[PDB]
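Taking the form deposited in one PDB entry, here's one chain by itself in structure tokens.
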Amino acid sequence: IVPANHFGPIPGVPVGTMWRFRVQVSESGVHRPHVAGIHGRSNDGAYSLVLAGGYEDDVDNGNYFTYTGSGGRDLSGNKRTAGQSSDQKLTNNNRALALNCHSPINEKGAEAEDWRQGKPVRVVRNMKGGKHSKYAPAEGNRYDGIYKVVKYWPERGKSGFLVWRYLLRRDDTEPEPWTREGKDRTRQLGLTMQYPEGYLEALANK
């Protein structure tokens, strides 16, 4: 298996692979955190991210998307998500993702000199993003391939609070799973939704 700080595609996991739950995506190594949208280390970079419609400032255009950093929220009361109530900061996961950009870390944001030389990020799209994106899968989670950070910057989001934004652009030879070519490949590879052991059983009875 690969280390937790592995950059790039996970061997044996082609674009198009699908998992019903986040813990399954974690177990595969594609996106380790089972909750966080970003998996990264503040002195290395981000290895992967998940688009799940969790942040109102995200803009999903398929091969291109504007991702929002995490944080800027009050999670007291043992919460995992909430609306924006404070300015986000270029720290922890947010800092890791900015490091993927082919440019020195910049507190005011930056643009890549040559975006193709930036560190790769494995991208997963979750069905919940389907509320505003036509690229989200109908069910579960789907690995969509490698993307790179073209630029990142801070600005006031819909809430009026400062949020960090990142422009990601796809850089993968495997076809996008939402195109005719991607669907054909998924079919040819016989990829199907992965469910936990005995999940469907208990699911039906519910």
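The term rigid core refers to the maximal set of C-alpha atoms that superpose within 1.5 Å between the two forms. Only residues modelled in both forms are compared. One-based numbering along the sequence shown.
Third-or-more of other entries without residue 79:
It is, since residue 79 is left out of at least a third of the other entries that model both flanking stretches.
Mean C-alpha temperature factor, higher of 192-200 and 14-22:
If you average the C-alpha B-factors of 192-200 and of 14-22, the larger mean comes out for 192-200.
Test of understanding: from the entry's C-alpha B-factors, which stretch has the higher mean, 116-124 or 82-90?
Result: 82-90.
Thinking about Cα B factors across the chain, which third does residue 102 belong to?
It belongs to the middle third of the chain when residues are ordered by C-alpha B-factor.
Could you say whether, by C-alpha temperature factor, residue 109 belongs to the lowest, middle or highest third of its chain?
Middle third of the chain for residue 109's C-alpha B-factor.
Residue 136 by Cα B-factor - lowest, middle or highest third of the modelled chain
It falls in the middle third of the chain.
Relative to the other modelled residues of the same chain, rank the CA B-factor of residue 27 and answer lowest, middle or highest third.
Residue 27: CA B-factor falls in the highest third of its chain.
Chain-wide C-alpha B factor ranking for residue 171, given as lowest, middle or highest third
Lowest third of the chain for residue 171's C-alpha B-factor.
Keep in mind that the form deposited in another entry is missing from the display, and what follows is about it.
Rigid-core fit between this form and the one not shown, the member of 62, 33, 54, 175 whose C-alpha shifts 2 angstroms or more:
The only residue crossing the 2 Å threshold is 54.
Superposing on the rigid core, is the Cα displacement of residue 157 between this form and the one not shown 2 Å or more?
Where the cores coincide, residue 157 still shows a C-alpha shift between this form and the one not shown that is 2 Å or more.
With the two forms aligned on the rigid core, where do runs of 3 or more residues move by 2 angstroms or more at the CA atoms between this form and the one not shown?
When the rigid core is held fixed, residues 54-57, 84-87, 156-162 are the runs that shift.
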